[PDB]
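The form deposited without the named molecule is given below as one chain in structure tokens.
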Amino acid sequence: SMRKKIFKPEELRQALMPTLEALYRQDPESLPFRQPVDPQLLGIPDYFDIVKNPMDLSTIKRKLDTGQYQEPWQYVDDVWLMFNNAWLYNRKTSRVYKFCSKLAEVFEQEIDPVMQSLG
């Protein structure tokens, strides 16, 4: 755990994109996560006060596509940031909160064999 191997961006993309596609495939559950939260449109000006580091599927996709992840745990961390933001901000009865919980179920199943294979 002290030796950090090198990952090429195209390799990470090939390995990790199917786990992101698994999240996009969830419908309607991925719909609130396919674009960044817009607190102006949604009328929630306090959103950025509570959620200091916004994250969504389109941002994760862009970071994968543009080679911004150096290691696979940085991708896992962004996915979980998106989950934790939604669980922090939203009430437990809300569609977003429940949809988030479903995505986290899906993602944990998809990501496990991929992380084992990347090392």
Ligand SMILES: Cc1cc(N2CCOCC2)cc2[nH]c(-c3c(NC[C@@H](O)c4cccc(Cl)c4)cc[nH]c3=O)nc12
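Take the two forms, superpose them, and find the largest set of C-alpha atoms that agree within 1.5 Å; that set is the rigid core. Numbering starts at 1 and runs along the sequence shown.
Colleague: Could you tell me which of the two stretches, 7 to 15 or 102 to 110, has its Cα atoms lying farther from the shown structure in 7 other deposited structures of this protein after fitting on the rigid core?
Modeller: Per-stretch check in 7 other deposited structures of this protein: the more divergent one is 7 to 15.
Colleague: With the rigid core held as the alignment frame, decide whether 36 to 44 or 72 to 80 lies farther from the shown form in 7 other deposited structures of this protein, in terms of RMS C-alpha distance.
Modeller: Output: 36 to 44, the stretch lying farther off on average in 7 other deposited structures of this protein.
Colleague: Would you mind comparing 55 to 63 and 41 to 49 for me and telling me which has the higher average C-alpha temperature factor in the entry?
Modeller: That would be 41 to 49.
Colleague: When the Cα temperature factors in the entry are averaged, is it 29 to 37 or 64 to 72 that ends up higher?
Modeller: Of 29 to 37 and 64 to 72, the stretch with the higher C-alpha B-factor average is 64 to 72.
Colleague: Have a look at 12, 103, 96, 111 and flag the one whose Cα has the highest B-factor in the entry.
Modeller: It is 12.
The same protein has a further form, the form deposited with the named molecule bound, not shown here; the description that follows concerns it.
Colleague: Under a 4.5 Å heavy atom criterion, is residue 11 part of the interface with the named molecule in the deposited bound form?
Modeller: No, residue 11 stays farther than 4.5 Å from the named molecule in the deposited bound form.
Colleague: Using 4.5 Å between non-hydrogen atoms, is residue 115 touching the named molecule in the deposited bound form?
Modeller: So residue 115 counts as contacting the named molecule.
Colleague: Contact between residue 84 and the named molecule in the deposited bound form at 4.5 Å, heavy atoms?
Modeller: Taking the distances in the deposited bound form, the answer for residue 84 is yes, it comes within 4.5 Å of the named molecule.
Colleague: With the partner left out here, which residues of 101 to 119 have a non-hydrogen atom within 4.5 Å of the named molecule in the deposited bound form?
Modeller: Stretch hits, in order: 101, 104, 105, 108, 111, 112, 115.
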